[PDB]
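Scope of the values below: all heavy atoms of this structure, side chains included, with no hydrogens, waters or symmetry mates. If you read the sequence from its start, that first residue is 1, and numbering goes on from there.
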Amino acid sequence: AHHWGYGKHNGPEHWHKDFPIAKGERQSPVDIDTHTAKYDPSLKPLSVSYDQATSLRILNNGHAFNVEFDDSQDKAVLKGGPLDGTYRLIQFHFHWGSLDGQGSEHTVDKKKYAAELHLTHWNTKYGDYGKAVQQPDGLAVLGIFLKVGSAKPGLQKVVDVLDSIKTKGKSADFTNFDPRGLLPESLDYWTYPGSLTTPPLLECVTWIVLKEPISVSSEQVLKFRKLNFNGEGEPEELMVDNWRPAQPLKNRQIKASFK
Ligand SMILES: NS(=O)(=O)c1nc2ccccc2s1
Ligand SMILES: NS(=O)(=O)c1nc2ccccc2s1
Ligand SMILES: [Zn+2]
């Protein structure tokens with residue numbers, strides 16, 4: 001069974017042994033070289049339609065925590081931008097560091113942010129998520145950088161429930177959470193074709209990475225770092241540095257929605 005992680009013996013540099021696509025042609029994350037990314041006037045504004053989002057549950061899955069949504073019909077969806085069709089929000093999660101100077105998966109001119117939020121959506125033309133991940137245009141992940149400064153008010157409900165899901169396999173009710181409270185002001189973005197950043201590392205993602213980071217407080221991110229990778233009663237391994245480093249860009253272009 002799966003025994004990959006972010007530890008000293010099963011981290012990203014080992015993943016290729018069980019998931020050979022780890023060395024593939026469209027792996028994520030990547031460094032976004034802002035001077036090489038080209039403005040594409042053909043890109044549209046993103047349409048983030050989360051007014052009818054139905055959050056359900058929050059789960060510590062042993063590598064991050066997922067806030068899960070009802071994706072049994074079109075409620076919270078992502079459209080426009082580089083996308084054709086409609087992508088349904090299934091979950092969001094974060095990647096973060098042991099200290100503020102690392103944690104993001106994507107980097108910007110080699111800068112690492114303290115954390116990165118991933119809002120994961122699947123293309124409804126494929127009927128279910130499991131079918132969508134088998135397709136090159138199956139998923140759209142909206143990535144948002146976190147820097148440490150002022151608190152993010154809309155994040156606080158998330159951080160206050162974390163004490164109740166400290167260890168792997170724990171979950172809690174998490175209804176009526178509004179993910180619009182996690183967005184920055186601007187929806188300017190970069191986009192490129194990539195992959196899932198944890199196993200199975202499938203090359204099924206259109207990445208949309210917002211240029212504007214959100215600000216969270218030191219106290220908020222410190223609470224992320226109190227989570228555990230381990231299960232209940234097991235030796236404590238703090239859930240920190242659950243990020244994959246930048247992968248080779250290979251034959252890919254990163255496009256900018258903005259001049
Ligand atoms: N999936 S993996 O990163 O290749 C992996 N690494 C390790 C290390 C020790 C025991 C089992 C596994 S499975
Ligand atoms: N970190 S991510 O690319 O957004 C992502 N990776 C995976 C892997 C397995 C299942 C869901 C997701 S969502
Ligand atoms: Zn992620």
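Exactly one of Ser195, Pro193, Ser28 qualifies for a side-chain contact (heavy atoms from CB on, under 4.5 Å) with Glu203. That residue is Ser195.
Under the 30°/60° scheme for interplanar angles, the aromatic rings of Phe65 and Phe94 are found to be tilted. Using cut-offs of 30° and 60° for the angle between ring planes, the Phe92 and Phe69 rings count as tilted.
Under the 4.5 Å side-chain heavy-atom criterion for grouping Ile, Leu, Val, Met, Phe, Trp and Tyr, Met239 is connected to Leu162 within one hydrophobic cluster. Linking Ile, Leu, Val, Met, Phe, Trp and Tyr residues whenever their side-chain heavy atoms come within less than 4.5 Å places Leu227 and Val161 in a single cluster. There is a path of hydrophobic side-chain contacts, each under 4.5 Å, that joins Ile58 to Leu117. Taking hydrophobic clusters as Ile, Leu, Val, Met, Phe, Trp and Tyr residues chained together by side-chain heavy-atom distances below 4.5 Å, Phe19 does not share a cluster with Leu202. Cluster annotation: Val159 and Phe229 are assigned to the same hydrophobic cluster (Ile/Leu/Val/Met/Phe/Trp/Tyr, side-chain heavy-atom contacts under 4.5 Å, transitive).
Between the side chains of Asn230 and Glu236, no donor-acceptor pair is found at a separation under 3.5 Å. No side-chain N or O of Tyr6 forms a donor-acceptor pair with one of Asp241 less than 3.5 Å apart. In this model, no donor atom of one side chain and acceptor atom of the other lie less than 3.5 Å apart for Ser186 and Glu212. Inspection of the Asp71 and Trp122 side chains reveals an N or O donor paired with an N or O acceptor under 3.5 Å. Side-chain contact of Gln27 with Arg244: a donor-acceptor pair under 3.5 Å is present, judged by distance alone. A donor-acceptor contact closer than 3.5 angstrom is absent between the side chains of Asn228 and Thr167.
Applying the ring-ring contact (aromatic ring centres under 6.0 Å, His included) test to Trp243 and every residue at least two apart in sequence or in another chain returns nothing.
Side-chain contact check for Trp190 versus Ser257: every heavy-atom pair is 4.5 Å or farther apart.
Cluster partners of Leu59: none. The rule joins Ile, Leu, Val, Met, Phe, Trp and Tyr whenever side-chain heavy atoms lie under 4.5 Å apart, and it links nothing here.
Considering every non-hydrogen atom in both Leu187 and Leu210, the closest pair reads O-CD2, 3.9 Å. Taking all atoms of both residues into account, the shortest heavy-atom contact from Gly5 to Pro12 is O-CD, 3.9 Å. Smallest separation of non-hydrogen atoms from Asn60 and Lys166: ND2-O, 3.0 Å. The minimum heavy-atom distance linking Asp100 with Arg225 is given by the pair OD1-NH2, 2.8 Å. The two residues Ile214 and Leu182 make their nearest non-hydrogen contact at CG2-O, 3.4 Å. The two residues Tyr192 and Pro29 make their nearest non-hydrogen contact at OH-CA, 3.8 Å.
Judged by distance alone, the side chain of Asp31 and the main-chain N or O of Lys110 form a donor-acceptor pair under 3.5 Å. With hydrogens and angles disregarded, no donor-acceptor distance shorter than 3.5 Å links the side chain of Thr107 to the backbone of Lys112.
In summary, the aromatic rings of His95 and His118 are positioned with their centroids under 6.0 Å apart. Ring-centre distance between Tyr189 and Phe258: not below the 6.0 Å cut-off.
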With salt bridge (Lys or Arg N to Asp or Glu O under 4.0 Å) as the test, would you mind laying out the steps for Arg88 and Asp74 before giving the verdict? CA-CA 6 Å; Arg88 277 194 202 153; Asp74 290 353; 2.5 Å; yes

Can you give each donor-acceptor pair under 3.5 Å made by side-chain atoms of residues 133-150, sequence neighbours left out, with the distance rounded to 0.1 Å?
unit_1, atom_1, unit_2, atom_2, d
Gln134, NE2, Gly130, O, 3.1
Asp137, OD1, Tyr126, OH, 2.6

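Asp33 contributes atom CG, which lies 6.5 Å from atom NE2 of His35 (distance to the nearest 0.5 angstrom).
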